[PDB]
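Q: Return atomic coordinates for the entry below.
(chains A, B, C and D)
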Amino acid sequence: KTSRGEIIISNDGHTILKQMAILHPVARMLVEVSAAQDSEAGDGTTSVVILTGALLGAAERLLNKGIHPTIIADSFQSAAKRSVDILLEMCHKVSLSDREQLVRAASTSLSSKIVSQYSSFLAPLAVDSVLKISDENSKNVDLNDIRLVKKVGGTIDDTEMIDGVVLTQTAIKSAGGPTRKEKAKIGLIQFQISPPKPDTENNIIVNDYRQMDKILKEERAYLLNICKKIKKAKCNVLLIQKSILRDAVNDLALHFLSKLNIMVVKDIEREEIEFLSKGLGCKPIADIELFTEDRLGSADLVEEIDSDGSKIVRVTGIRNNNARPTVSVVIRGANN
Amino acid sequence: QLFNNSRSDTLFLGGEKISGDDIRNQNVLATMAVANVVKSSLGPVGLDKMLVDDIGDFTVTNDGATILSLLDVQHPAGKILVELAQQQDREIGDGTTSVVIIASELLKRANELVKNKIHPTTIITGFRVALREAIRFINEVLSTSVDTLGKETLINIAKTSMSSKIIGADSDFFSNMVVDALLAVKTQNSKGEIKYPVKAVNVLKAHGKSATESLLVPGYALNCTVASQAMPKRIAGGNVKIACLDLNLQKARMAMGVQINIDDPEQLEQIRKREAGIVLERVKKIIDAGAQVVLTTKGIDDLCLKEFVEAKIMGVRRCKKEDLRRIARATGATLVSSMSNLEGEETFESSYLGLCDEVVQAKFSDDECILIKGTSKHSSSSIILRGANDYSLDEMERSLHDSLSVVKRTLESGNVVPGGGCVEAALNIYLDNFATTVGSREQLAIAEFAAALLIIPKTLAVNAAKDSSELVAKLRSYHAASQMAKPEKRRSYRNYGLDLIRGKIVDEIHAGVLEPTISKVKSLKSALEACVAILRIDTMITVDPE
Amino acid sequence: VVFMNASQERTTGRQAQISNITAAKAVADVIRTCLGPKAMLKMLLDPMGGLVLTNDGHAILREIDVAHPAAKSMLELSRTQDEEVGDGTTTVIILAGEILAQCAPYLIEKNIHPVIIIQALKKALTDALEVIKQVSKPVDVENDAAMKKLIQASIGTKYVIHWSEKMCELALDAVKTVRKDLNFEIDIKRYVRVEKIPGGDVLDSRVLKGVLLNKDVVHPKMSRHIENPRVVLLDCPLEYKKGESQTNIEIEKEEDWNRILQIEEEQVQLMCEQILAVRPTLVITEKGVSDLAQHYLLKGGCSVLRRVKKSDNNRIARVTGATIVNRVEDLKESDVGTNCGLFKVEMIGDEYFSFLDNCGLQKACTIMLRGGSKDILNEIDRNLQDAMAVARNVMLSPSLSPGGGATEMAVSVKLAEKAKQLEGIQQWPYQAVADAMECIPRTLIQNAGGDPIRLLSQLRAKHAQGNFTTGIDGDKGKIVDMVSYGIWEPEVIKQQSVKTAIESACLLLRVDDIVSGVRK
Amino acid sequence: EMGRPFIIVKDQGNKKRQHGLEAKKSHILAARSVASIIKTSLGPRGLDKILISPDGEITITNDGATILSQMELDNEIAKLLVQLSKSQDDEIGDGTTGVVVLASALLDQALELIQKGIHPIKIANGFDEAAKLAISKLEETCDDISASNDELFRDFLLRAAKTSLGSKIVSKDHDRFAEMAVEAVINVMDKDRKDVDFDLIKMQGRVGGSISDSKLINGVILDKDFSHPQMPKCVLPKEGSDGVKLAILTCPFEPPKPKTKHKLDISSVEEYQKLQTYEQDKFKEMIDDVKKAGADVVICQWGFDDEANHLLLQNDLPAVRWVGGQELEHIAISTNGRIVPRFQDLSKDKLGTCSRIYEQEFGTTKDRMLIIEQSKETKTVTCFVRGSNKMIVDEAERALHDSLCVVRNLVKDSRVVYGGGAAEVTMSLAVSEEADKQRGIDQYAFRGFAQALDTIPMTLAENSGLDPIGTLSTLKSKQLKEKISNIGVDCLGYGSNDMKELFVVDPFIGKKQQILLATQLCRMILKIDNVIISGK
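A: Numbering: from 1, shown residues only, chains lettered A, B, ... in the order given. For reference, the structure is listed below:
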């Protein structure tokens, strides 16, 4: 139980040592030991802490026997380097893609994790996620392409790989015109949809009552001209950045999009564009003039499924098929 | 328990860290402290409880969903059942009382299993293997919804949910109201799949008369007050047009942050007169369209009230956004956020207006509500509850809310199981012979899992102030002989449960007590995950706040 | 750890049932002296300092702060009787308090489960409504002489019984004025206006149809007496309107600043010309009036009243027939008030009062009550609302039921015959309602100074003879029937009193635990 | 909790409970803190430690029994080691610092076995069986020195004396201390060389002078001087004599009075005049009984009135006053006299005999002390110690006290061992050899007991600045090549690791108790599970 009230139940020894505040100066160094184990290999953070405490217990009796501390430190470094060559002869190389070696090693690596009983369908889940990215240069296999989305409610048995990019945030629903979208092109809007305003302070002076009649029509005409270029490209799905500085949506803008049945989801993270652009195969559109059909992708089904109070927006299939794909997995569970 | 442990000896922590069996002992006491509440509230013989905020207001809540929500529990493992009771409302909507007692009993009996030195993974596997066979056994003993010629189901489905509640004696009257309310609000999606939008039925709080005289409104009832008193209070005649507008009818400032600068003083008045004239342009298109009722999300300025009285139009202001969406689909109207179309011109189309039989505003006990009945496009329903006070209706509001979730599961899945301890007792005999096959260390874990489910049928007799053993001993006689009943319907021996009123064992099918099958699947899986997470905690670490 | 921070200790079992019954009995015990024509009065002290002295059941409960959680439910029962009907709020608590008092020796003694009792209370509630329906007789709702004796039922308890002869004429014309044909008369208290004027005499009063305003005239020349008044309601203030856009004018030429003030004077004169198109004799607005618009209306003889209450404008539109229009451009002759007359401003040292007299069926009336003191005048206001509430249920349904101890005992006799025929587990809780209906007729004897032992003993023997009209006198305590003296009360009052007591008894009997400290 | 206070025992929140692995870790570390304190003072290269008392008095000693006695502790496990060294000092009186190091060494090797999952009783069962195997092995290696005559028997007493005199302050005079400690037992002992009485030797310290002035004086040393010091300080016997005829009297000189409260009523002047003559006749009669008996120095327990100052001065009779009752027993033993209860029982056969009675001036002022010498071998030997510091005069007492405890243990027949770490190494390899034959679950129990015995030789190398690894490896390789067990650690660096040439000798009864006190104490400590400590 943390100081702010957050309670974390973790099997991994790294989180156990990180969330726990140790008053001893040297005992906190074990927290960063599991950090190096989790950053490089990612597995064995619990064993590396025990092996560190075991070597200290063996070297504790060596201090009273008249051995200099640097001799003890130089002895462990020479023994650790020799221990590396011991494991190099015993290990066996494996094929690029093998369902027998990868699945059995993934379920074994779980060990005491709560998902060990659920490892039946979860073991092929982690294997098939890495097999989508294959290289002969043995790259580190960046995990940014593999996105694990957490949803409150349900059971872990319902966890399965999604065939396309999943959206964490829900639809605006203010207009809520389209109920369900089939065979739609997902767009990406990096700009703001609103009546025309500069990014800096401006002034609008009305010297005649007949001028206000043109203002209300032209402010709606700008939002109308944006919908015209979108309709010509047949883009039924739009995604807009948060845009805390300038309003991203408007009641007059959502009403224009409701007539064309265009689904729009806002409040999207800025760092998630790389997962949206590469996963859906869509080039972001930051300008109404740069908007075209070539930058738009293709999606079979874009819908929002409300199940047991948990609302989620999922996309099924990607017709782009670019160089490398992405992995999307939705995580469900009873307890947060 | 006993004496407190020493504080951070050679451990050098700033908080409190306790290890050993003291953590699992306090984890059981955390679930047992929150169980003793939910225990006495289980079954038709259960009794309501009153929670006080110390501010002078009291809260009467029978089920443990709101009880655990209101009661503040700072124990780390105690918050699991608090979130589990809040969870049970999300998926099934009913069973918050049974899910807490079962999950607390699985941990209670497991406290003696760890003293055997049995590792929790053996205890967890014993509960999971017994659960996999339990879910399959429930699907074998289910009964079809066909039954006799007539329905004779949905009426009995609501009577089970009305149990444990003060209105349980009136369940015969409320049985026909819940069934007719859900069938009217049903929708269609996924190309033929019927959906049931729970909470679409309006629940109104009125005073006077009695709960037995509550009338089911054949349509939606909007809770709000009339704009102006000069408007006609009742509108008659067929094809009543209703306008739902989300746009502000009050006079608003020009743009947002601009500034109005006027040079010629002769235009000072003409510019200001135009600001008030643009607002009335949208009202002129509504009056010419023949809209009888104008529903507005926000308020309505006095400029728009004079046009509604002269045209005999009923204005309504301060409408909830979620309420107008149900009015649009029911009456057939289309929700209008603003007046515009693809063309540059601005006009109002008559297709956006709905139609119904009658619109009348009823006022009972300071509660003013507009009764919209006879929707042609899509039917709707509303229930007006009458009781002692508002807090007496707070329990009746959640009593009918849980009944809508139980009937929803029976129409989607026609598979139902009898209530009153039928499922909990049937799983015991099935797991007795199954545990002897596996043996080894998992035989005791499965045996304790079957005995842990006995808390539900035993709680029924304890709260009834009767002898529990004679009811349970005679209960097992039918279930123990049901597995050995053997093929040849003449089988029988199954679908029997406890009758707490008469103190006898009778068939639950003829008694009219049924429960959805999916309610048993989601309850046993959710109650197990709460016990698995607790049995796996070796050491609790509490860090003091800074 | 502490686990639950809210009432970690728990009181359950018979200890929680006694605390709920004992606290509920204490609510009814204080108002026992508040029932009957000889009933006493109760004075209450609020933290604000205002003194409220009345025998009404609801006014006593809502102004007392009860720390007992379950006893607060007894406080809200009178609100159900007051909002739905308004009469009989005292008999509801006495009946509901007696049920739990009679139902106490069951869970402790007979060990009967509450739900078993609830099933008996619901069956006894259905049979009680049938007995009340059988003893009820229809009467003519269009008879003015018959409705005067019905209003005196609630007046006999109140201090206004001395003026009852005068008070019936005030409440009769008040309900008949606001009612209209349509759910039948659909009369509402909001249309009836009761104005409290300190000083004067109670014997001298009259029903005035209109709205009594305390605002004075805005100009001395304004005529305070008009033979044929014409009322035009305007929600827009006569002051110069300012745009909410915060328009800033940049003045350059020397004639620009002088023209702005002239245009402000031209529009005020222009708005007066739009009003003078119909030539109204009176002007009434709910906002302030500028001093410039006052002179422009002096030539047309338009009396202007400012800062009128918002709800009063809707009451003016009913009596005068005028239509409320905010803009002066839409004013028409049809929107001008007509048929109004007898407009006069009476001079009183305290405040200036304006009178209106009427010649679309909805009307309104303003009752001027003159008391001896401000606090007694507050009592007549409460007594007038309860007097008009009796005539409401008479006009809704022709059904009329006896009162004064006849209806309560008529139910208990019918419950005694069916109790012996049940022969089951529900026989004991079924007899609790029969003894619970006896508290009301027994209370009338204790407050009258008679002997409840010998009177109630012979009273039950009378109902066995086949007559349901035998009541209990409030003065002499005679067993003479209520047909002679004429006590009668609407059936709705008898039904709402029994239904509320049964629904409230089942609520407190289901509470097995009392916990606090939640602080939501 | 259910909402009601749950209290099983009074002072609930005051008392604490320890259980599991944390309870065992706190017990081992409590002994390691005491061990590292004692390991620094173990061996002749060790160092003393200052003991500050709450009253302000200071104590400087390396003795594990004295350090832990005045040590104020908190944890009860460290308090069990206090009575461990106290058990060694009370009975044997030698090796108080070795029982603490050996006991903690058993607990250090037991902590490693507990972490491996061994039940604590199985650990205690292995130490009990290994304790008897080490004692039976060392018992066969030693030889009986009782075959030598009394001339060579004195040499073995000088060998074990110089060993116990080391490791303590003022160890430069150990050559003379070893000679004086043996001559005390030579004078006081049984003719059969058995069951010598230790109580006949008293330890009397004196603050002043230098350590070189310490010498043996056979007799009684009293803090009281001669009454009425007009008499010569040094008393000399008559020309011919049988002795000095020392007199000891527990009765003060007074006219006879009843023990009960009495009332003497004088009713006439004649009765008062008779009391005058009766008064002086008793003081004249008491002084004549001593002169007729030939006695010279008179010792009084309660003293006497100033009337007898000049009376005893005329007859040249020395006298002392206010002598303690415990010192009167010490006087009659030295002079072989008999205490005379009254003058009527006074005879010449009950008078003591000593060589000379005299007093020393000591320092400038200080106080006057009486000294008695004997003319031949007697049953009383009083130790005389001088020093330039109060701390030196104190520690030298218990330094020679522990030295006398080693000599009296050699009086027991057929028990001798050689020190210098040669005993622990010999018994260590005998236990490790049995571990290979037994195997089983107890195989690791004999390994922990073998590694614990080697801690004492390795501790000696720490204080001497040597390598404990290279020193222990030489001793283990020597016992495997040759059967000689006399090779051990040399902290003085004189070479010749054979203990026979270095003369270092220890009692076997002292080394046997070190294993028994350490093994039997760890058996009780490992059984402790729940620790309930109330707040002070």
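
Q: all strands for the stretch 51-200 of chain A, in order.
A: Using DSSP state E, counting those that start in this stretch, the strands of the stretch 51-200 of chain A run over A:146-152, A:160-162, A:166-167, A:181-184.

Q: show me where the stretch 101-250 of chain B has strands.
A: For the stretch 101-250 of chain B, applying DSSP E, counting those that start in this stretch gives strands covering B:187-189, B:193-195, B:202-207, B:216-217, B:219-223, B:234-235, B:242-245.

Q: could those strands be laid out in CSV, adding distance to chain C and mean neighbour count?
A: The way it works is simple: take the backbone N, C-alpha and C, and place the C-beta from them, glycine included. CSV is the format used below for the strands of the stretch 101-250 of chain B (distance: least, Cβ to the nearest Cβ, whole Å; neighbours: other Cβ atoms under 10 Å in any protein chain shown):
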stretch, distance to chain C, mean neighbour count
strand B:187-189, 33, 10
strand B:193-195, 33, 11
strand B:202-207, 4, 20
strand B:216-217, 15, 20
strand B:219-223, 16, 22
strand B:234-235, 7, 16
strand B:242-245, 20, 24
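
Q: Relative to chain A, which of the ones you listed is closest?
A: strand B:187-189 (7.0 Å; Cβ to the nearest Cβ).

Q: which strands and helices sit next to the closest one?
A: If you count contacts as 3 or more Cβ pairs under 8 Å, 6 or more residues apart in numbering or on different chains; DSSP states H and E, strand B:187-189 packs onto strand B:193-195.

Q: Sheet-wise, list the partners of the strand it packs on with their directions.
A: Using DSSP bridges, strand B:193-195 pairs in its sheet with strand B:187-189 (antiparallel).

Q: what's next to the strand it pairs with, contact-wise?
A: Identification of contacts with strand B:187-189 by Cβ atoms under 8 Å, 6 or more residues apart in numbering or on different chains yields A:179, A:180, B:194, B:195, B:196, B:197, B:378.

Q: where does the closest residue to the fifth one other than its chain neighbours fall, helix, sheet strand or coil?
A: Leaving aside its chain neighbours, residue B:196 sits nearest to residue B:408 (4.5 Å; criterion: Cβ to Cβ, 6 or more residues apart in numbering or on different chains). Three-state secondary structure (criterion: DSSP: H, G, I helix; E, B strand; the rest coil) places residue B:408 in helix.

Q: Run a quick neighbour tally on residue B:408.
A: Counted with other Cβ atoms under 10 Å in any protein chain shown, the neighbours of residue B:408 add up to 21.

Q: how close does it sit to residue B:519?
A: As judged by Cβ to Cβ, to the nearest Å, residue B:408 and residue B:519 stand 11 Å apart.

Q: do the same with residue A:67
A: On the measure of Cβ to Cβ, residue A:67 and residue B:519 end up 69 Å apart.

Q: try residue D:141
A: Residue D:141 is 83 Å from residue B:519, where distance means Cβ to Cβ.

Q: Compare these two (neighbour count), which wins?
A: Neighbours were counted for residue D:141 and for residue B:519 using other Cβ under 10 Å; residue B:519 has more, 25 against 17.

Q: do the helix or strand containing that one and chain C meet at all?
A: Using DSSP states H and E, residue B:519 sits within helix B:517-535. No - using Cβ under 8 Å from any Cβ of the partner chain, helix B:517-535 never reaches chain C; the gap is at least 14.6 Å.

Q: Residues of the stretch 51-200 of chain A that sit close to chain D?
A: Counting by Cβ under 8 Å from any Cβ, the residues of the stretch 51-200 of chain A that sit close to chain D are A:64, A:65, A:66, A:67.

Q: For chain B, what's its nearest residue on the stretch 351-500 of chain C.
A: For the stretch 351-500 of chain C, Cβ to the nearest Cβ, closest residue to chain B: residue C:499, 4.3 Å.

Q: Next: chain A.
A: residue A:24 (3.6 Å).

Q: repeat for the stretch 401-536 of chain D
A: For the stretch 401-536 of chain D, Cβ to the nearest Cβ, closest residue to chain B: residue D:532, 6.4 Å.

Q: In which helix or strand does that residue reside?
A: Assigning secondary structure by DSSP H and E places residue D:532 in strand D:531-533.

Q: My read is that residue D:397 contacts residue D:205, right?
A: Yes - between residue D:397 and residue D:205 a contact is recorded at 5.1 Å, counting by Cβ atoms under 8 Å.

Q: Please enumerate the helices of chain A.
A: Ranges of helices in chain A, per DSSP state H, are A:13-19, A:29-39, A:45-63, A:69-90, A:99-110, A:119-131, A:209-232, A:251-259, A:273-280.

Q: Next, format the ones you listed as CSV and append distance to residue D:258.
A: Below are these laid out as CSV (distance: least, Cβ to Cβ, whole Å):
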stretch, distance to residue D:258
helix A:13-19, 88
helix A:29-39, 87
helix A:45-63, 77
helix A:69-90, 84
helix A:99-110, 101
helix A:119-131, 105
helix A:209-232, 133
helix A:251-259, 126
helix A:273-280, 117
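
Q: so which of those helices gets nearest residue D:164?
A: Closest of the helices of chain A to residue D:164 is helix A:45-63, at 30.8 Å (criterion: Cβ to Cβ).
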